[PDB]
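This is start33.pdb (PDB, C-alpha atoms).
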```pdb
ATOM      1  CA  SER A 243     -12.563  -4.030  20.644
ATOM      2  CA  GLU A 244     -12.277  -4.293  16.833
ATOM      3  CA  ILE A 245      -8.973  -3.609  15.110
ATOM      4  CA  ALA A 246      -8.544  -2.350  11.539
ATOM      5  CA  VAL A 247      -6.010  -4.285   9.488
ATOM      6  CA  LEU A 248      -4.544  -2.905   6.278
ATOM      7  CA  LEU A 249      -2.242  -5.132   4.201
ATOM      8  CA  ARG A 250       0.089  -3.374   1.751
ATOM      9  CA  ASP A 251       1.393  -5.173  -1.317
ATOM     10  CA  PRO A 252       4.944  -4.676  -2.477
ATOM     11  CA  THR A 253       4.962  -1.828  -4.990
ATOM     12  CA  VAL A 254       5.937  -2.492  -8.604
ATOM     13  CA  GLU A 255       8.670   0.069  -7.982
ATOM     14  CA  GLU A 256      10.083  -2.067  -5.136
ATOM     15  CA  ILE A 257       9.895  -5.178  -7.341
ATOM     16  CA  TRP A 258      11.547  -3.547 -10.355
ATOM     17  CA  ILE A 259      14.262  -1.357  -8.861
ATOM     18  CA  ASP A 260      14.737  -2.582  -5.246
ATOM     19  CA  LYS A 261      14.466  -6.259  -6.393
ATOM     20  CA  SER A 262      12.593  -7.149  -3.200
ATOM     21  CA  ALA A 263       9.022  -7.629  -2.075
ATOM     22  CA  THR A 264       8.013  -6.265   1.309
ATOM     23  CA  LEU A 265       4.490  -6.722   2.569
ATOM     24  CA  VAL A 266       3.330  -4.460   5.368
ATOM     25  CA  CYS A 267       0.490  -5.163   7.781
ATOM     26  CA  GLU A 268      -0.678  -1.989   9.530
ATOM     27  CA  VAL A 269      -2.977  -2.541  12.479
ATOM     28  CA  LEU A 270      -4.998   0.315  13.993
ATOM     29  CA  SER A 271      -6.913   0.223  17.267
ATOM     30  CA  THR A 272      -8.779   2.537  19.630
ATOM     31  CA  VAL A 273      -7.556   0.294  22.458
ATOM     32  CA  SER A 274      -4.106  -0.078  24.079
ATOM     33  CA  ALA A 275      -3.982  -3.896  24.072
ATOM     34  CA  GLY A 276      -0.971  -5.502  22.387
ATOM     35  CA  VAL A 277      -1.187  -6.993  18.907
ATOM     36  CA  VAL A 278       0.526 -10.053  17.409
ATOM     37  CA  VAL A 279       0.671 -10.496  13.628
ATOM     38  CA  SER A 280       1.193 -14.022  12.259
ATOM     39  CA  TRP A 281       2.070 -14.580   8.591
ATOM     40  CA  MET A 282       1.517 -17.462   6.202
ATOM     41  CA  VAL A 283       3.028 -17.817   2.733
ATOM     42  CA  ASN A 284       1.765 -20.538   0.396
ATOM     43  CA  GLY A 285      -0.299 -21.905   3.321
ATOM     44  CA  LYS A 286       2.811 -22.391   5.508
ATOM     45  CA  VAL A 287       3.780 -20.545   8.684
ATOM     46  CA  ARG A 288       6.352 -17.874   7.865
ATOM     47  CA  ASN A 289       8.622 -16.531  10.603
ATOM     48  CA  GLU A 290      11.705 -15.761   8.530
ATOM     49  CA  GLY A 291      11.709 -12.206   7.186
ATOM     50  CA  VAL A 292       9.104 -10.995   9.678
ATOM     51  CA  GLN A 293       9.829  -7.874  11.742
ATOM     52  CA  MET A 294       7.284  -6.384  14.135
ATOM     53  CA  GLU A 295       7.753  -2.875  15.382
ATOM     54  CA  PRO A 296       6.739  -1.851  18.847
ATOM     55  CA  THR A 297       3.207  -0.418  19.052
ATOM     56  CA  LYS A 298       3.060   3.349  18.638
ATOM     57  CA  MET A 299       0.538   5.464  20.548
ATOM     58  CA  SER A 300      -0.994   8.665  19.190
ATOM     59  CA  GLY A 301      -3.654  10.453  21.218
ATOM     60  CA  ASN A 302      -6.409   7.847  21.398
ATOM     61  CA  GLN A 303      -5.228   5.278  18.876
ATOM     62  CA  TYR A 304      -2.587   2.576  18.616
ATOM     63  CA  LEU A 305      -0.591   1.564  15.507
ATOM     64  CA  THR A 306       1.145  -1.802  15.210
ATOM     65  CA  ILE A 307       3.193  -2.568  12.094
ATOM     66  CA  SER A 308       4.546  -5.926  10.952
ATOM     67  CA  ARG A 309       6.603  -6.283   7.796
ATOM     68  CA  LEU A 310       7.273  -9.461   5.829
ATOM     69  CA  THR A 311      10.287  -9.416   3.530
ATOM     70  CA  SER A 312       9.876 -11.839   0.603
ATOM     71  CA  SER A 313      11.865 -12.378  -2.601
ATOM     72  CA  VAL A 314      10.724 -10.921  -5.933
ATOM     73  CA  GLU A 315      10.646 -14.538  -7.150
ATOM     74  CA  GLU A 316       8.310 -15.605  -4.334
ATOM     75  CA  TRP A 317       5.960 -12.694  -4.984
ATOM     76  CA  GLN A 318       6.089 -13.396  -8.728
ATOM     77  CA  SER A 319       5.371 -17.128  -8.205
ATOM     78  CA  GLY A 320       1.739 -16.191  -7.455
ATOM     79  CA  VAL A 321       1.597 -17.763  -3.982
ATOM     80  CA  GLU A 322      -0.844 -16.422  -1.411
ATOM     81  CA  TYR A 323       0.297 -14.323   1.565
ATOM     82  CA  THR A 324      -1.813 -14.039   4.664
ATOM     83  CA  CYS A 325      -1.473 -11.881   7.753
ATOM     84  CA  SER A 326      -3.545 -12.592  10.860
ATOM     85  CA  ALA A 327      -3.624  -9.863  13.477
ATOM     86  CA  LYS A 328      -4.919 -10.482  16.957
ATOM     87  CA  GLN A 329      -5.227  -8.178  19.894
ATOM     88  CA  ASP A 330      -5.147  -9.140  23.549
ATOM     89  CA  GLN A 331      -8.592  -9.282  25.157
ATOM     90  CA  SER A 332     -10.282  -9.153  21.754
ATOM     91  CA  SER A 333     -12.531 -11.963  20.604
ATOM     92  CA  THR A 334     -11.166 -12.998  17.180
ATOM     93  CA  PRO A 335      -8.240 -12.470  14.844
ATOM     94  CA  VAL A 336      -8.581 -10.313  11.727
ATOM     95  CA  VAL A 337      -7.162 -11.842   8.559
ATOM     96  CA  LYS A 338      -6.105 -10.198   5.309
ATOM     97  CA  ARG A 339      -4.537 -11.800   2.258
ATOM     98  CA  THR A 340      -2.915 -10.962  -1.028
ATOM     99  CA  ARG A 341      -1.115 -12.391  -4.044
ATOM    100  CA  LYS A 342       0.330 -11.024  -7.312
ATOM    101  CA  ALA A 343      -2.059  -9.164  -9.654
TER
ATOM    102  CA  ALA B 246      -2.625  -2.272 -15.849
ATOM    103  CA  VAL B 247      -3.021   0.611 -13.420
ATOM    104  CA  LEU B 248      -2.170   0.155  -9.727
ATOM    105  CA  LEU B 249      -3.223   2.895  -7.328
ATOM    106  CA  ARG B 250      -1.576   2.980  -3.869
ATOM    107  CA  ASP B 251      -3.298   4.668  -0.918
ATOM    108  CA  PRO B 252      -1.251   6.670   1.609
ATOM    109  CA  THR B 253      -0.056   4.325   4.344
ATOM    110  CA  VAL B 254      -1.107   4.811   7.938
ATOM    111  CA  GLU B 255       2.630   5.108   8.810
ATOM    112  CA  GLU B 256       2.992   8.033   6.389
ATOM    113  CA  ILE B 257      -0.047   9.745   7.842
ATOM    114  CA  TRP B 258       1.226   9.162  11.420
ATOM    115  CA  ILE B 259       4.956   9.809  11.119
ATOM    116  CA  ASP B 260       5.392  12.108   8.132
ATOM    117  CA  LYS B 261       2.019  13.884   8.584
ATOM    118  CA  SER B 262       1.605  13.590   4.810
ATOM    119  CA  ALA B 263      -0.565  11.626   2.404
ATOM    120  CA  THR B 264       0.967  10.557  -0.898
ATOM    121  CA  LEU B 265      -0.936   8.495  -3.417
ATOM    122  CA  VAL B 266       1.067   6.577  -6.026
ATOM    123  CA  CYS B 267      -0.130   5.449  -9.445
ATOM    124  CA  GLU B 268       2.039   2.735 -11.010
ATOM    125  CA  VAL B 269       1.232   2.029 -14.672
ATOM    126  CA  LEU B 270       2.144  -1.109 -16.658
ATOM    127  CA  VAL B 273       3.426  -1.514 -26.139
ATOM    128  CA  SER B 274       4.323   2.223 -25.964
ATOM    129  CA  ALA B 275       6.537   3.954 -23.395
ATOM    130  CA  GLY B 276       4.256   6.959 -23.789
ATOM    131  CA  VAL B 277       1.691   7.276 -21.065
ATOM    132  CA  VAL B 278       0.316  10.354 -19.345
ATOM    133  CA  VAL B 279      -1.269  10.140 -15.877
ATOM    134  CA  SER B 280      -3.973  12.609 -14.867
ATOM    135  CA  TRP B 281      -5.334  12.995 -11.352
ATOM    136  CA  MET B 282      -8.730  14.148 -10.039
ATOM    137  CA  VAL B 283      -9.553  14.962  -6.404
ATOM    138  CA  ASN B 284     -13.147  15.507  -5.303
ATOM    139  CA  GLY B 285     -14.160  15.428  -8.999
ATOM    140  CA  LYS B 286     -11.746  18.176 -10.077
ATOM    141  CA  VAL B 287      -8.511  18.328 -12.019
ATOM    142  CA  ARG B 288      -5.497  18.173  -9.693
ATOM    143  CA  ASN B 289      -2.091  19.389 -10.879
ATOM    144  CA  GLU B 290      -0.690  20.706  -7.624
ATOM    145  CA  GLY B 291       1.399  18.093  -5.830
ATOM    146  CA  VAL B 292       1.719  15.833  -8.886
ATOM    147  CA  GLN B 293       5.107  14.487  -9.954
ATOM    148  CA  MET B 294       5.662  11.950 -12.713
ATOM    149  CA  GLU B 295       8.859   9.954 -13.165
ATOM    150  CA  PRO B 296      10.147   8.984 -16.618
ATOM    151  CA  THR B 297       8.780   5.718 -18.068
ATOM    152  CA  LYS B 298      11.017   2.703 -17.266
ATOM    153  CA  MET B 299      11.770  -0.027 -19.775
ATOM    154  CA  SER B 300      12.490  -3.653 -18.868
ATOM    155  CA  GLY B 301      11.867  -6.658 -21.102
ATOM    156  CA  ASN B 302       8.500  -6.477 -22.898
ATOM    157  CA  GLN B 303       7.067  -4.010 -20.374
ATOM    158  CA  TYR B 304       6.889  -0.290 -19.551
ATOM    159  CA  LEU B 305       6.505   1.122 -15.983
ATOM    160  CA  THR B 306       5.408   4.724 -15.346
ATOM    161  CA  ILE B 307       5.099   6.183 -11.792
ATOM    162  CA  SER B 308       3.109   9.286 -10.819
ATOM    163  CA  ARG B 309       2.814  10.534  -7.239
ATOM    164  CA  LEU B 310       0.158  12.866  -5.844
ATOM    165  CA  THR B 311       1.075  14.658  -2.654
ATOM    166  CA  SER B 312      -2.206  15.430  -0.953
ATOM    167  CA  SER B 313      -2.524  16.346   2.744
ATOM    168  CA  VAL B 314      -3.611  14.387   5.790
ATOM    169  CA  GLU B 315      -6.653  16.682   6.077
ATOM    170  CA  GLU B 316      -7.726  16.083   2.519
ATOM    171  CA  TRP B 317      -7.295  12.294   2.744
ATOM    172  CA  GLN B 318      -9.179  12.110   6.040
ATOM    173  CA  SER B 319     -12.014  14.274   4.636
ATOM    174  CA  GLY B 320     -13.044  11.172   2.632
ATOM    175  CA  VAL B 321     -13.005  12.774  -0.812
ATOM    176  CA  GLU B 322     -12.473  10.620  -3.877
ATOM    177  CA  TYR B 323      -9.152  10.468  -5.721
ATOM    178  CA  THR B 324      -8.815   9.160  -9.271
ATOM    179  CA  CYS B 325      -5.858   8.478 -11.519
ATOM    180  CA  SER B 326      -6.355   8.070 -15.266
ATOM    181  CA  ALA B 327      -3.581   6.604 -17.395
ATOM    182  CA  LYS B 328      -3.794   7.299 -21.132
ATOM    183  CA  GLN B 329      -1.547   4.984 -23.143
ATOM    184  CA  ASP B 330      -0.541   5.635 -26.772
ATOM    185  CA  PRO B 335      -7.776   5.600 -20.564
ATOM    186  CA  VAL B 336      -7.627   3.212 -17.608
ATOM    187  CA  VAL B 337      -9.024   4.708 -14.415
ATOM    188  CA  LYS B 338      -8.558   3.737 -10.771
ATOM    189  CA  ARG B 339     -10.226   5.362  -7.771
ATOM    190  CA  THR B 340      -9.839   5.438  -4.035
ATOM    191  CA  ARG B 341     -10.913   7.225  -0.857
ATOM    192  CA  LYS B 342     -10.432   6.813   2.902
ATOM    193  CA  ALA B 343     -12.567   3.894   4.245
TER
END
```
Spell out the structure here as structure tokens.
Amino acid sequence: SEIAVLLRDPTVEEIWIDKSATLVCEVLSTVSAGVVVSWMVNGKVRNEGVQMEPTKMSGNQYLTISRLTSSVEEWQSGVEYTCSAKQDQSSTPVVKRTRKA
Amino acid sequence: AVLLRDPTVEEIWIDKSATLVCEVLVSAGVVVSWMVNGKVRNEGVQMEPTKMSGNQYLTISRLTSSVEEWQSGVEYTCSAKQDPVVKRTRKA
């Protein structure tokens, strides 16, 4: 039942030349159950700028991607970003977090 | 400051490729050297010219590996020598 959650920081390239900051939560599972990803920024619920893609199936695995678009200024304010992924019929959410280096 | 980016699962799934990215943050001169499985790796390496903005210099080097090689679990390292700082990664 356990999902693997990988949280991708915005790249310095994105920050410098795109002038945006996009965080990407990639969720992998060996089970077909649907996945919801909930984001917080600075300890507050964030719905704006969140886009979830429909789950993709490979052979025996399932990939669910959620992206959070943030400003370069928000990323470079040092606030914490959290993604919480939870899969139907699983027991507990899996949480990952990040902030500027 | 050396930031090493793993291939994303989306890249592995959709593009069937695995590209690692080393982003490096005084001098504009920096050379990035890669190792895979403890050996020099030149093949699949592309550096971009150093970028200048404010008091800072940004240099990007990309290593095009393969899905097979990434999934094999071997270690990748990038070493940035400024006018070295090393970062390492491997599949979990």
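Once the PyMOL selection byres ((chain A and resi 300) around 12) is applied to this file, the selection holds residues 270, 271, 272, 273, 274, 297, 298, 299, 301, 302, 303, 304, 305 and 306 of chain A; 254, 255, 257, 258 and 259 of chain B.
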Can those selected residues be exported to a file as a compact mmCIF listing (two decimals), keeping the file's coordinate frame so that it contains C-alpha atoms?
```
# COMPACT_ATOMS: atom_id res chain seq x y z
CA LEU A 270 -5.00 0.32 13.99
CA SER A 271 -6.91 0.22 17.27
CA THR A 272 -8.78 2.54 19.63
CA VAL A 273 -7.56 0.29 22.46
CA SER A 274 -4.11 -0.08 24.08
CA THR A 297 3.21 -0.42 19.05
CA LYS A 298 3.06 3.35 18.64
CA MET A 299 0.54 5.46 20.55
CA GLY A 301 -3.65 10.45 21.22
CA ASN A 302 -6.41 7.85 21.40
CA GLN A 303 -5.23 5.28 18.88
CA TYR A 304 -2.59 2.58 18.62
CA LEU A 305 -0.59 1.56 15.51
CA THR A 306 1.14 -1.80 15.21
CA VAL B 254 -1.11 4.81 7.94
CA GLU B 255 2.63 5.11 8.81
CA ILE B 257 -0.05 9.74 7.84
CA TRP B 258 1.23 9.16 11.42
CA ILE B 259 4.96 9.81 11.12
```
(message) List as a ChimeraX atom specification the protein and nucleic acid residues near segment 300-315 of chain B, meaning an atom at most 7 Å away when only C-alpha atoms are counted, but skip any in the same chain fewer than 2 places from it.
(response) /B:257,261-270,275,279,291-298,317-319
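If you measure from each of A:283, A:336, A:259, A:314 to chain B using all atoms listed in the file, the closest one turns out to be A:259.
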Return as CSV the residues of chain A lying at most 8 Å from chain B, together with the closest atom-to-atom pair for each and the distance in Å to one decimal, counting all atoms listed in the file, with rows in chain order and ascending residue number.
```
residue,atom,partner,partner_atom,distance
A:254,CA,B:268,CA,7.0
A:255,CA,B:268,CA,7.8
A:268,CA,B:254,CA,7.0
```
(message) Considering only C-alpha atoms, can you say which of A:327, A:339, A:251, A:320 comes closest to residue 269 of chain A?
(response) A:327
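Distance-wise, atom CA of residue 313 of chain A and atom CA of residue 252 of chain A end up 10.4 Å apart.
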(request) List the neighbours of residue 324 of chain B out to 8 Å using all atoms listed in the file; skip same-chain residues closer than 2 positions along the sequence, and give me the result as a ChimeraX atom specification. (result) /B:281-283,322,326,337-340
Can you spit out the residues from that selection as a PDB file, in the frame of the given file, using C-alpha atoms?
```pdb
ATOM      1  CA  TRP B 281      -5.334  12.995 -11.352  1.00  0.00           C
ATOM      2  CA  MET B 282      -8.730  14.148 -10.039  1.00  0.00           C
ATOM      3  CA  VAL B 283      -9.553  14.962  -6.404  1.00  0.00           C
ATOM      4  CA  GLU B 322     -12.473  10.620  -3.877  1.00  0.00           C
ATOM      5  CA  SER B 326      -6.355   8.070 -15.266  1.00  0.00           C
ATOM      6  CA  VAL B 337      -9.024   4.708 -14.415  1.00  0.00           C
ATOM      7  CA  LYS B 338      -8.558   3.737 -10.771  1.00  0.00           C
ATOM      8  CA  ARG B 339     -10.226   5.362  -7.771  1.00  0.00           C
ATOM      9  CA  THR B 340      -9.839   5.438  -4.035  1.00  0.00           C
TER      10      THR B 340
END
```
Residue neighbourhood residue 292 of chain A, 12 Å, all atoms listed in the file, exclusion window fewer than 6 positions, as a CSV table (one decimal) with C-alpha atoms, keeping the file's coordinate frame:
```
chain,number,residue,atom,x,y,z
A,264,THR,CA,8.0,-6.3,1.3
A,265,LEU,CA,4.5,-6.7,2.6
A,266,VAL,CA,3.3,-4.5,5.4
A,267,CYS,CA,0.5,-5.2,7.8
A,278,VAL,CA,0.5,-10.1,17.4
A,279,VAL,CA,0.7,-10.5,13.6
A,280,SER,CA,1.2,-14.0,12.3
A,281,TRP,CA,2.1,-14.6,8.6
A,282,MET,CA,1.5,-17.5,6.2
A,283,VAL,CA,3.0,-17.8,2.7
A,307,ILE,CA,3.2,-2.6,12.1
A,308,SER,CA,4.5,-5.9,11.0
A,309,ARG,CA,6.6,-6.3,7.8
A,310,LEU,CA,7.3,-9.5,5.8
A,311,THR,CA,10.3,-9.4,3.5
A,312,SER,CA,9.9,-11.8,0.6
A,325,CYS,CA,-1.5,-11.9,7.8
```
(request) For residue 332 of chain A, list every protein, DNA or RNA residue within 10 Å, evaluated using all atoms listed in the file, and leave out those in the same chain fewer than 4 positions away; present the list as a PyMOL selection string. (result) chain A and resi 243-245+273+275+277+328
(request) Might you spell out which residues the PyMOL selection byres ((chain B and resi 341) around 7) would select in the displayed file, as a ChimeraX atom specification? (result) /B:320-323,340,342-343
Export C-alpha atoms of the chosen residues as a PDB file, in the frame of the given file?
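Here's the written file selection.pdb:
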```
ATOM      1  CA  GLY B 320     -13.044  11.172   2.632  1.00  0.00           C
ATOM      2  CA  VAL B 321     -13.005  12.774  -0.812  1.00  0.00           C
ATOM      3  CA  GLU B 322     -12.473  10.620  -3.877  1.00  0.00           C
ATOM      4  CA  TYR B 323      -9.152  10.468  -5.721  1.00  0.00           C
ATOM      5  CA  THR B 340      -9.839   5.438  -4.035  1.00  0.00           C
ATOM      6  CA  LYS B 342     -10.432   6.813   2.902  1.00  0.00           C
ATOM      7  CA  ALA B 343     -12.567   3.894   4.245  1.00  0.00           C
TER       8      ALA B 343
END
```
Box dimensions and centre (Å, one decimal) enclosing segment 256-276 of chain B, axis-aligned, 3 Å extra per side, as AutoDock Vina command-line options:
```
--center_x 2.8 --center_y 6.2 --center_z -7.4 --size_x 13.5 --size_y 21.4 --size_z 43.6
```
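When atom CA of residue 288 of chain A is paired with atom CA of residue 318 of chain A, their separation reads 17.2 Å.
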(message) For a test of reading the model, state the distance in Å between atom CA of residue 325 of chain B and atom CA of residue 288 of chain B, rounded to one decimal.
(response) 9.9 Å
